[PDB]
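J.:
Number of protein chains: 8
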Amino acid sequence: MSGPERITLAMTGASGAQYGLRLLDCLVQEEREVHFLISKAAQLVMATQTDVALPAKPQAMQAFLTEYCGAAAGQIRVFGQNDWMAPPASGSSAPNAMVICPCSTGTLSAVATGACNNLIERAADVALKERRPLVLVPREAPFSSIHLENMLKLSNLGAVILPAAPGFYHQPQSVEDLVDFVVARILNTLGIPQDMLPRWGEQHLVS
Amino acid sequence: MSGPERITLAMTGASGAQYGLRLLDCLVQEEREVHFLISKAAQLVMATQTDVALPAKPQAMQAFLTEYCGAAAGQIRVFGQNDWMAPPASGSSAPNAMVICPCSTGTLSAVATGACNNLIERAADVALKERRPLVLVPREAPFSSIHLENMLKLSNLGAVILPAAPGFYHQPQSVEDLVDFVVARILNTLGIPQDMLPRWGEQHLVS
Amino acid sequence: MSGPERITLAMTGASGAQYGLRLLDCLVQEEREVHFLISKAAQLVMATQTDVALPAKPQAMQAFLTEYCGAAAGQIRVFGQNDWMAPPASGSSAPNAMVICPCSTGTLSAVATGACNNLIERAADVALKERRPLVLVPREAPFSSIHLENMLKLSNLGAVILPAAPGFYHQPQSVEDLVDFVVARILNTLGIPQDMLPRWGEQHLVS
Amino acid sequence: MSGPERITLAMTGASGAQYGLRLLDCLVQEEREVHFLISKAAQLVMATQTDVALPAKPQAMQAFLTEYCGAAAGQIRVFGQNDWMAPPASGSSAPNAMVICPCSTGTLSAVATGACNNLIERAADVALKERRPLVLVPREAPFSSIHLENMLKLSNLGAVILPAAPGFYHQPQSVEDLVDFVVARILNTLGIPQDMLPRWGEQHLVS
Amino acid sequence: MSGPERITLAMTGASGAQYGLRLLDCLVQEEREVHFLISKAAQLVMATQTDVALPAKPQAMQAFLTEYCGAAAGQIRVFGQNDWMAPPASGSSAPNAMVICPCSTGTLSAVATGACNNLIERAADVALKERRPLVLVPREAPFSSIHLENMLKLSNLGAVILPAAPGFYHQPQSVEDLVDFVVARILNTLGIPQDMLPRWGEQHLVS
Amino acid sequence: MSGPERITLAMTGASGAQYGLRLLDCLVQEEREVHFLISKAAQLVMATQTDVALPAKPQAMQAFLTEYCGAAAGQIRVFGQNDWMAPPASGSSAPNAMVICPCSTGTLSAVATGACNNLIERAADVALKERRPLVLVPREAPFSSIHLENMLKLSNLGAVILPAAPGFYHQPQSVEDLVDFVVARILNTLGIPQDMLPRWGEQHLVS
Amino acid sequence: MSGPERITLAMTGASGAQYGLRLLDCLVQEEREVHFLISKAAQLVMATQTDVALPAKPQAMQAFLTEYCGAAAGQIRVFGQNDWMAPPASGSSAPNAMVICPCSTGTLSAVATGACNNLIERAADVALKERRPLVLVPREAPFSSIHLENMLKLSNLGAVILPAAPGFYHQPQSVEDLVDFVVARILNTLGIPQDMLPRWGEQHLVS
Amino acid sequence: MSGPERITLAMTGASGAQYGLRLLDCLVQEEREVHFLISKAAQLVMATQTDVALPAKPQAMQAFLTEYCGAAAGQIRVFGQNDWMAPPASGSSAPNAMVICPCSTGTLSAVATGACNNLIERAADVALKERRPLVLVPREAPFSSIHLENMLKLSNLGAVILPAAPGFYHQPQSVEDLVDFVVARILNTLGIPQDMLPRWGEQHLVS
Ligand SMILES: Cc1cc2nc3c(=O)[nH]c(=O)nc-3n(C[C@H](O)[C@H](O)[C@H](O)COP(=O)(O)O)c2cc1C
Ligand SMILES: Cc1cc2nc3c(=O)[nH]c(=O)nc-3n(C[C@H](O)[C@H](O)[C@H](O)COP(=O)(O)O)c2cc1C
Ligand SMILES: Cc1cc2nc3c(=O)[nH]c(=O)nc-3n(C[C@H](O)[C@H](O)[C@H](O)COP(=O)(O)O)c2cc1C
Ligand SMILES: Cc1cc2nc3c(=O)[nH]c(=O)nc-3n(C[C@H](O)[C@H](O)[C@H](O)COP(=O)(O)O)c2cc1C
Ligand SMILES: Cc1cc2nc3c(=O)[nH]c(=O)nc-3n(C[C@H](O)[C@H](O)[C@H](O)COP(=O)(O)O)c2cc1C
Ligand SMILES: Cc1cc2nc3c(=O)[nH]c(=O)nc-3n(C[C@H](O)[C@H](O)[C@H](O)COP(=O)(O)O)c2cc1C
Ligand SMILES: Cc1cc2nc3c(=O)[nH]c(=O)nc-3n(C[C@H](O)[C@H](O)[C@H](O)COP(=O)(O)O)c2cc1C
Ligand SMILES: Cc1cc2nc3c(=O)[nH]c(=O)nc-3n(C[C@H](O)[C@H](O)[C@H](O)COP(=O)(O)O)c2cc1C
Ligand SMILES: CC(C)=CCOP(=O)(O)O
Ligand SMILES: CC(C)=CCOP(=O)(O)O
Ligand SMILES: CC(C)=CCOP(=O)(O)O
Ligand SMILES: CC(C)=CCOP(=O)(O)O
Ligand SMILES: CC(C)=CCOP(=O)(O)O
Ligand SMILES: CC(C)=CCOP(=O)(O)O
Ligand SMILES: CC(C)=CCOP(=O)(O)O
Ligand SMILES: CC(C)=CCOP(=O)(O)O
Ligand SMILES: [K+]
Ligand SMILES: [K+]
Ligand SMILES: [K+]
Ligand SMILES: [K+]
Ligand SMILES: [K+]
Ligand SMILES: [K+]
Ligand SMILES: [K+]
Ligand SMILES: [K+]
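Protein chains in written order, with PDB author numbering: chain P, 1 to 207; chain G, 1 to 207; chain F, 1 to 207; chain R, 1 to 207; chain H, 1 to 207; chain X, 1 to 207; chain D, 1 to 207; chain Z, 1 to 207.
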């Protein structure tokens, strides 16, 4: 397989739960293992703004998502926000790529300053210290200088800042086509195959 | 009226021509005067990726857009990329708010470094030196450190960096609802009335 | 009216609950709408160091403060520390000026780094990204370099750093006259009328 | 009226006394109140290089300028260099816009570093802490790196750096037309009406 | 004795003469030697805003303060603003702790930039080069970025920035109790005994 | 194969056309696909200073280079300076390593500031945002501070700055041996096999 | 002769064509060789705002200026905006001092960032890398922070930033006397004799 | 003579001994005095990679080089790596220009940080403190960020960073023509006559 075997996928409380769910579904279809983390605010976002009824407790959530995605047994692991026994809490874990999708401005801040107040924050701290892939998908507008300084610091350290800013050059016909644009760019960044967004200019031989 | 009487609206060659057109249409409906600028690459973007057939020459373009938006005579002015006689080229002009929507990474760079290679770039140079509103709507993913340093410099100087990153909390049902989300935030930033996005929590009295 | 129609007033756990209460009372008398936020530590400060018995729950608190200030019905809204449905959580809300009075060093830190761990912190994140007024009233001594770097970053971004450092040039005769000095400066910063502190030198014609 | 009711106009010892006098005269004609400050070196500049015989003492100076400009009684207030009873010494004063025209490199330095050795310097310190308009009109050539760092620091904080660098695009026929160019830009910056410099391109409809 | 034998106490022209006088009185009661410096603006502040009639000349002032505080003969030394023969002008002097209380923003600026235009400024220059204690008690609101950068530079070099920002956790009943709060913190910083402010939590054994 | 399948090779107007041609020829022999870009100034450099007669138009150029290198059909693609349909214009393209050989100081500047005025500049903007290899081969002497700051910024972001500074430790006998030294280092940087420069010390077992 | 034998004089599109022409005329009278460069925007400025009818093409322009100034044959050389065969394009050229008079903010930007999009920009890049004199004569008001950062960077590298900010201490009676003031300062900076501005205080023996 | 009478020529252990020898030979032919310094690693480079058999000891080396270059008696002085009696060790010496050709990355580091571990390093420390010419000829590829930061620091202080990066615009036919290109640029930087590289465009009159 091209790309990582295991992805830590953290959802935080920005608008854009759709991107996180679609990414989870694509990662499952490419037979990757997913370590799934979700914040309390992202639970509120999904509950109040989508019609996905995600159970609260980690075991019930793991069962629901496994069904939602047609995943294989053990393929999706769910860990709670203080579960320091989970692999992402330590750099001695097996290597995983991490994506925070969507990434709230508060989680962006925590990651940039090294705050470790929950497993999502610690898992990012670990990704950075181990030089493992870390992709952040912020969804905010406007971006303040605080936001931008936090993104720049992390980009300078090798994190990928991939805003939830879809393009229109594939002639999107639905919300889903926009969601898929961003998910495709994430998978491209991770080096995981995707067929939602063609390779620009692949057939163009001469100008 | 709340907000500026005159907006300089510059379209550049990022993906997202839809946002610029929708904004132009909303600004016309709020009876503002619009000084319209468009780059050669943004012409290519509109031509090759929308089904708006925008004429090439400024006078023909002014006629087309006036029709497209139902604008009043003289309400939309169009200026070409080297027309230094246009009001935006000088700070002695009547005050206008400026929005670059969408804003390519190259135009973001030019603005942040003070390059003045065309009227769009000069018009931004002028907005900043006069302390007149300047809103940039970048549409790129990922954002590199180069992009982020350019946005941060400009945000620190009082420009508003408003990425084309729509939210989902109004339950969007179409591409157009996403486009309108970003346009609404622009109009909110400018202080111009809009009814596309409700005021969050306006009826919420107690927690 | 001169000045903002709506103020988000956040009280945090620094010494100086008196300033926050006096400001709330003045804002009510100038017929402004107040969105009131208070941290758990500021509850402890008021409980253990004032003889204002503030109820714990938001609805009971809203009733108490409305009585305390002689406010009109709906004039004071109270929101709890995780109530993301409240207007201050989103920039799509109606514009409000925000004052954090008093501002603990921990809340100063959170605001300067973009941490968003409660509604007060998020509401400040929003104020800054929207370019809406944000006034911080720290009460600490000494100020460390950490404190000072956090204040400087925010001042450079357009927040007003207004320490709880009263002046003596109005010949204060009581604690209340000192409290009113600081409240007056806040209201002056906000552009809201006040008659507690005269306009210096207004009658002085020549030197 | 558009623009501020009251302007603090400080003249310091750079070459260009003409600009300060012309500005004072225009501000009087637009019926603004002017709080006039002048340094000892600027007195020497006016005395030795203009044929305006400005009296030394504040009361005599106030009488002379009131005559010179055709001002109304009390319209021009004059304050001496240590008169801390004057409104500009305190932020509790009524709001004024401040212009230092011309601005010597030493006064530029004092303002940028926060030195408060006289009323002009203090009045600028106050303008900056209150977020009130502050315009500096330096007249020096070359600009050293010291000068440029001082201007940049202040520009970054929201002061307007408006060098005494007139333009030629109105076809100036006299020294006075050059002086008026700079005065016009000052008044434009302040938001005060002026008819000396037309609005560039106001009649230009299309390119 | 705990703490320094000799304190250089400089009063400058900020509002808050009360703090400087109260500190002088406490230092006298703890049998310390005080080298007293006062600026011309601080003389104006005391004259116009307190009912302490401080004589102008150093010898007359030394006599007055010695009486005011019940000091011993030679215990208070007074030095004028250009008296370079005074111990504080040279680092070869016997070691003293220095406190500038209150500290105007102009004196803060001078100290941070190394300006040495009077004995107070030089005495601070010396304190910093000798690594002797230097405490600054600014009294200003708002603090501008200029103020904050000057405080941060000095704090980073080991000066103590102790704003005149009293706390309310000792249940102050008068202006004097607020003044004493700040004076207590100064004496704590200096390591000099004081009984005005109890030791927080000294009797609290367990949570 | 070790190393990238596809290289974007941009030639710009520095002295050293020989290096770009030799690299193109080596890349062809290692059966890589080459997306070839050349600036107008680099055309002038090749025309006026080499005896390679490179046709002007992209299709004619593609035919000429395919012959020059003995390339396979479609192996060399040529794109013009505004051809935004070419793969290098978008990060959604298939991954390529990019080398700018030689790299003029103006192209170095454009890349470091994010200017995107042609396809070479955009292609570098894309390489950096996608974290794809980007190698710059400047040929200038002296290097100014402007040059050096631009190289440092890009090196800090992960671009490889490989000046056209050949070594002499392989005992070069001709200009071609010097050219091959630099080309070898490029291919080593890219991870592409080369046999022009031996592996230093590969047979040295002990000191 | 004192000063340089050869000056590269670049005119760019700021207001102030008069200064460039007057300087050219003075340089000719001091029998210097002038390599003359002019941008397209500066052609528009001269055409639309002076009554100097400057031919478009370099040879016709060289003939016109030679007549205008009474220059000797070959004394004025004119080079077009892409003529890389001209001496200023290379540091291997004979040494020249360079002056950009007037200097637009866009040309200031290009020089400060190292952009080399035309011969003027390259010629400045070369001046800086060779440590040859480079004088920039900006004419803008206000100066933004972008402008000021660009000037500071270049001043720190040894370029002379000489704004078109004339002085009044020679009692100017006409526009021409103001123009000559700035030209005199340029010639003083270059070390070329001039008799338009006396040497300040040359006859003053004692104070 | 144009240029310096005395050059300190230091050879260090980068590849490119040829440049140092050729420069020494040209300096001798222009009848300059040369103070020659060579590191132990540069001895190894010359020994193992050239067929110049340079004696080890300073006196034997001085004799050999005097013969090699056809120098006059005393024209070449050789000093060993700890000979602090040599003129270059002190700024009280007669002024010399210094060139380090070639300049290893370790010697570049030492110079940039002020390390003074041998006479070459000290001689550069002295050149910089005396503001005497200092030219560094690094020969490395790639340049790391460490290298680039060290070059930038020194360039900012007025050292000339002249990489061993020859140009091809004189149609080089041999290794020697490339070596001579770099040597010519060095001599141009020093202001010493050379006829190896023509003056670009000297005969080009018009574009
Ligand atoms: C409906 C809803 C939408 C939100 N949308 C955003 C958003 O788009 N961007 C953002 O930064 N925060 C948004 N927030 C706020 C955060 O959820 C909040 O700041 C929270 O503290 C984030 O916590 P977390 O980072 O642990 O998920 C939203 C909250 C809610 C309730
Ligand atoms: C179809 C198309 C889509 C593009 N989309 C983007 C984009 O989303 N973001 C971007 O920064 N550049 C995009 N570009 C590239 C720019 O158009 C290019 O860098 C150009 O130089 C911008 O010039 P301008 O800033 O003058 O409009 C796109 C180009 C094309 C043809
Ligand atoms: C009685 C009392 C007084 C306090 N006074 C201060 C103070 O003056 N300044 C301060 O920064 N923190 C003070 N604190 C501490 C904070 O309350 C504490 O750091 C807390 O975490 C702040 O949380 P908050 O920012 O959410 O309100 C005080 C706490 C108590 C109990
Ligand atoms: C005739 C004259 C002209 C001066 N022109 C300038 C000038 O153009 N720019 C400047 O910075 N200083 C100029 N100075 C010097 C200042 O006046 C001097 O540095 C003084 O200290 C400024 O003090 P002030 O800032 O309190 O007015 C001039 C002085 C005189 C006498
Ligand atoms: C009544 C009065 C009150 C003042 N209060 C303050 C103050 O609170 N803070 C301050 O920085 N300056 C204040 N100033 C201004 C200064 O005294 C002024 O800037 C002066 O130059 C300070 O000089 P000094 O630092 O030598 O004492 C006040 C002045 C007066 C007359
Ligand atoms: C013959 C010739 C040689 C040049 N050599 C160099 C060089 O070695 N380094 C350089 O930075 N620029 C050199 N230039 C200049 C550039 O070509 C010029 O600055 C141009 O604008 C670069 O444009 P480009 O980056 O789009 O290729 C040379 C130009 C010519 C004509
Ligand atoms: C009549 C006229 C006057 C101008 N005056 C100025 C000016 O004073 N300062 C400036 O920076 N730009 C001015 N500009 C704008 C520039 O000419 C413009 O930004 C252009 O791109 C500069 O290009 P250049 O630097 O290649 O000459 C003016 C343009 C015109 C038409
Ligand atoms: C054959 C040879 C070639 C070397 N070439 C280089 C080179 O090109 N660049 C470089 O920085 N170091 C090169 N080095 C390494 C240095 O000589 C080494 O780092 C040494 O410590 C430099 O010491 P010096 O600066 O006192 O001369 C080379 C060494 C040898 C043996
Ligand atoms: C949960 C855990 C064992 C953390 C320690 O991990 P690491 O050594 O800090 O990478
Ligand atoms: C096109 C024009 C007159 C530009 C000059 O404007 P400004 O004086 O630089 O604001
Ligand atoms: C609670 C809420 C809808 C937050 C989203 O606000 P915004 O789009 O980030 O200003
Ligand atoms: C002259 C005077 C009362 C200065 C105090 O003003 P502020 O409180 O520092 O704005
Ligand atoms: C007044 C005096 C002797 C100052 C010299 O003191 P120091 O040597 O600078 O500490
Ligand atoms: C030419 C093109 C479709 C550019 C958009 O690419 P990307 O989304 O900015 O990587
Ligand atoms: C036009 C030309 C030969 C440019 C090369 O000059 P240089 O070697 O970069 O000073
Ligand atoms: C070898 C020697 C006398 C070094 C002292 O030189 P300098 O005073 O540091 O320039
Ligand atoms: K598109
Ligand atoms: K949502
Ligand atoms: K007072
Ligand atoms: K003009
Ligand atoms: K308290
Ligand atoms: K070698
Ligand atoms: K004058
Ligand atoms: K060449």
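Note that CB positions come from ideal geometry on N, CA and C, so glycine has one too.
Hey, would you say the C-beta of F168 (chain X) is under 7 Å away from at least one heavy atom of ligand 22?
T.: Yes, ligand 22 has a heavy atom inside 7 Å of this Cβ.
J.: Should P166 (chain G) and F143 (chain G) be called a contact, given that it needs their Cβ atoms to be closer than 8 Å?
T.: Cβ distance not < 8 Å, so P166 (chain G) and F143 (chain G) don't count as in contact.
J.: So, is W200 (chain Z) buried or exposed, given that buried needs 16 or more other C-beta atoms within 10 angstroms?
T.: Buried, because 16 or more other Cβ atoms sit within 10 Å of the Cβ of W200 (chain Z).
J.: Identify whether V183 (chain G) lies in helix, strand or coil by the three-state DSSP scheme.
T.: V183 (chain G): helix per DSSP, three-state reduction.
J.: Below 8 Å between beta carbons: does that hold for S104 (chain X) and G13 (chain X)?
T.: Result yes, Cβ atoms of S104 (chain X) and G13 (chain X) sit closer than 8 Å.
J.: Under 8 Å between the Cβ atoms of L23 (chain G) and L9 (chain G)?
T.: Contact: yes.
J.: Compute the minimum distance between the beta carbon of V182 (chain D) and the heavy atoms of ligand 16, and state whether it is under 7 Å.
T.: No, ligand 16 has no heavy atom inside 7 Å of this Cβ.
J.: Mind the definition here: the region 106-119 of chain Z touches the region 119-137 of chain X only if three or more C-beta pairs lie below 8 Å; say whether that holds.
T.: Touching, no, given that fewer than three Cβ pairs across the two stretches are closer than 8 Å.
J.: Grab me the residues of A42 (chain H)'s own chain with a C-beta within less than 6 Å of its C-beta, minus the 5 sequence neighbours each way, in chain order.
T.: Answer for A42 (chain H): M11, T12 and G13, listed in chain order.
J.: If we define contact as Cβ-Cβ less than 8 Å, is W200 (chain R) a contact residue for chain G?
T.: True, the Cβ-Cβ gap to chain G drops below 8 Å.
J.: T113 (chain D): buried (16+ other C-beta within 10 angstroms of its C-beta) or exposed?
T.: It is buried - the Cβ of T113 (chain D) has at least 16 other Cβ atoms within 10 Å.
J.: Using a Cβ-Cβ cut-off of less than 9 Å, list which residues of the region 71-96 of chain P approach chain G; keep chain order.
T.: Those residues of the region 71-96 of chain P that come within reach of chain G (Cβ to Cβ, closer than 9 Å) do not exist; the list is empty.
J.: I think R77 (chain R) touches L205 (chain F), with their Cβ atoms under 8 Å apart; what is that distance to the nearest whole Å?
T.: At roughly 6 Å, the Cβ-Cβ gap stays under 8 Å, so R77 (chain R) and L205 (chain F) are in contact.
J.: When DSSP labels each residue in this structure, what does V45 (chain F) get in the three-state scheme?
T.: Helix, per DSSP.
J.: Whole angstroms is fine: what's the gap from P102 (chain R)'s alpha carbon to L178 (chain D)'s?
T.: C-alpha separation (whole angstroms): 17 Å.
J.: So, is the C-beta of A123 (chain G) closer than 8 Å to a C-beta in chain D?
T.: No - not a single Cβ of chain D is within 8 Å of the one on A123 (chain G).
J.: Using 7 Å as the cut-off, classify the Cβ of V126 (chain X) as near or not near the heavy atoms of ligand 14, replying yes or no.
T.: For ligand 14, at least one heavy atom lies less than 7 Å from the Cβ of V126 (chain X).
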